[PDB]
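Protein chains in written order, with our numbering: chain A, 103 to 429; chain B, 123 to 453.
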């Protein structure tokens, strides 16, 4: 198959130039229906993917739509497909999945046939059902054994009257939490929310010049400057009351409270603690948890994370939503 | 003297002046169904002789430990007095509570209550704990079934109509006809003016948007329940349809000669359809006004809750913000 080699992204890179009969170069694992529809409307001879069209986690119909439209599908070329592509140059794709610029080999891919794409979809369909049966089975078990915490707030320490009626901002050490905190500088200055630092993000808050009211996490993994900043330290403890890191708190001579529970995440503990104190709102920075993340996780996801987000209900807002008000 | 516990009758609320002056040995009068641990802790610290509830301490939907904390503290619990307890109470007047749960002001009967013993409160807790497990087994069993049969919608957006490029990258505000949605929309006047979000009116809230002087880009719902002014405003009308494509209210749209699209699905709520439609078009954010759905609502329901509602909120993830959060930025 001979045609122009056009690099396409779901955001609209080469979709406007993609003509009938050319070779589309994409990097789209788990190809979305929207991107497949845009590719299908352009009528390309073949879609060459750097990654796999169906990775196996979710049943995505996109690759089958392309095959039904008479488009050749070749996948798993790898980064060398993007590194060796000249946008617009007439390429040549063989029936074996090889891409050439005349007689020069650029990349080797794996041809995805119609029946193989149907099988991958059916396998992903069964995989999602099995993972969701396990996940929501664990959700029922979690609610049953942790109802004292979810319903009564058993174990949640009383941190005083500082949170009630106020805006709260919780910072967790997720990817790019520091740059999100910097985008929220005007928000923090203008609204003066109660700051809660979780684990290593308590260090980040203190390094940015803040004085968090609360710090949540095992003090073993929190810096000395954050622990000595004046914040009330909330230590996760086993349901029996044993708190790891209490010796460090006692060595420092600082005030601390324990939060006995079976919840492993200190971000979920901080969210449940803030909610229990009846705030006006809770801005969650560096701790995002979504349904799509649960569906795409090939490993077991913790039901306590999605249940905590649902428990906070209408009071929860992600830091990215607030930062978009300042863009 | 006449038998029973004698003490001053004081009306207490989970956030009132009654607690701040509730003294040791008083008969606390409350109206707290499913008594919270926080309110039980504040009542316990005051050391009243008895706590008299208008409602039941444990109604049976959730396992609440509060009543047992009071009983462990040596407080007599009497419940189910009804509104006549609040109507017949005089704050600070010395009342008499018999072992049978009767409240008197001397020899005059005010109200009859049911004595809640420690073992009966433990049994009510254990029963509410089993009823909650049964409901959650039913609820999350339906959630698994929903994900399996509706994966083309949740994963691929199958059935979601293409409304054009107006939503992508923009802030979106969806209005549903929940309680006080009009007064929430009025509190968001500065937000709408300052940020110019894409407006989506759901059902009767499309009428509210048009009455407030707005021109919603989209209207979602059965046109049978939407006003003529909203349907003729210039908005693209999205009709909920059965999985087979049958849309109720299509005859009305065709009589008006206006543009419309259908959204075939097994989701019953037009608010969930509007949220799934907005999310599929990749917005910057989705401000949700008049349609709140929470986990506490699922726990408290007792009737069957729709898993599609909570799954929709989780599907939108980090892009979802309640209108009350945005309105708090203007207070």
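Just so it is clear, CB atoms sit at the ideal spot from N, CA and C, and this is done for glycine as well.
Under DSSP, residue 108 of chain A shares a beta bridge with A/126.
Residue 172 of chain B sits close to residue 200 of chain B, with the two beta carbons spaced by under 8 Å. DSSP links residue 236 of chain B through a beta bridge to B/201.
With a 10 Å radius around the Cβ and a threshold of 16 neighbouring Cβ atoms, residue 415 of chain B comes out buried. Shown here, residue 332 of chain B sits in a helix according to DSSP, grouped into three states.
DSSP places residue 224 of chain B in the strand class (E or B) of the three-state scheme. Boundaries of the beta strand (DSSP E) harbouring residue 385 of chain B: 382 to 386, taken from the DSSP string. By DSSP's assignment, residue 424 of chain B forms no beta bridge with any residue. By DSSP's assignment, residue 318 of chain A forms a beta bridge with A/300, A/336. Taking the CA atoms as reference points, residue 408 of chain B sits about 17 Å from residue 299 of chain B. Excluding residues up to 5 positions away in sequence, 161 lie with their Cβ nearer than 8 Å to the Cβ of residue 224 of chain A in the same chain. When 8 Å is used as the limit between beta carbons, residue 135 of chain A is near these residues of chain B: 278, 279, 280, in chain order. With respect to residue 334 of chain B, residue 345 of chain B sits apart: the two C-beta atoms are not nearer than 8 Å. Annotation: the continuous beta strand (DSSP E) that includes residue 172 of chain B extends over 172 to 175. In chain order, 409, 412, 413, 415 make up the part of chain A whose C-beta sits under 7 Å from the C-beta of residue 417 of chain B. A buried status is given to residue 261 of chain B, since no fewer than 16 other beta-carbon atoms sit within 10 Å of its beta-carbon. Contact between the stretch 415 to 428 of chain B and the stretch 364 to 381 of chain A is not established, with fewer than three Cβ pairs separated by less than 8 Å. Out of B/445, B/279, B/151, the CA that lies nearest to the CA of residue 314 of chain B is found in B/445.
Proximity of residue 303 of chain B to chain A, defined by a Cβ-Cβ separation below 8 Å, is not satisfied. Interface annotation, residue 285 of chain A: not in contact with chain B, CB-CB separation never under 8 Å. Under the 8 Å criterion on CB atoms, residue 190 of chain B is classed as non-interfacial with respect to chain A. In this chain, the beta strand (DSSP E) harbouring residue 219 of chain B covers 215 to 219. Each residue's CA atom was taken as its position, placing residue 283 of chain A and residue 443 of chain B some 19 Å apart. Residues of the same chain with a CB within less than 7 Å of the CB of residue 316 of chain A, apart from the 5 flanking positions on each side, are 261, 298, 333, 334, 336 in chain order.
Under DSSP, residue 222 of chain A takes part in no beta bridge, so it has no partner. Counting only residues of its own chain and dropping the five nearest sequence neighbours on each side, residue 181 of chain B has a CB closer than 7 Å to the CB of 155, 156. The beta carbon of residue 345 of chain A is closer than 6 Å to those of 337, 339, 360 in its chain, skipping five residues each way along the sequence. Around residue 208 of chain A, the same chain offers 186, 201 as residues with beta carbons nearer than 6 Å, after the five sequence neighbours per side are excluded. Straight across, the Cα-Cα distance linking residue 307 of chain A with residue 387 of chain A is about 11 Å. Nearest CB-CB separation between residue 149 of chain A and chain B: not below the 8 Å threshold. Residues of the stretch 232 to 252 of chain A whose Cβ lies closer than 9 Å to any Cβ of chain B, in chain order: 234, 235, 237, 238, 239, 241, 242, 245, 246, 249, 250, 252. For residue 271 of chain A, the closest of B/447, B/132, B/126, B/452 by C-alpha to C-alpha distance is B/447. For the stretch 228 to 257 of chain B, residues whose beta-carbon sits nearer than 9 Å to a beta-carbon of chain A comprise 251, 254, 255.
A Cβ-Cβ contact shorter than 8 Å links residue 178 of chain B with residue 202 of chain B. Counting of Cβ neighbours within 10 angstroms places residue 167 of chain B among the exposed residues, the total staying below 16. Within chain A, the C-beta atoms nearer than 8 Å to that of residue 187 of chain B come from 250, 254, 256, in chain order.
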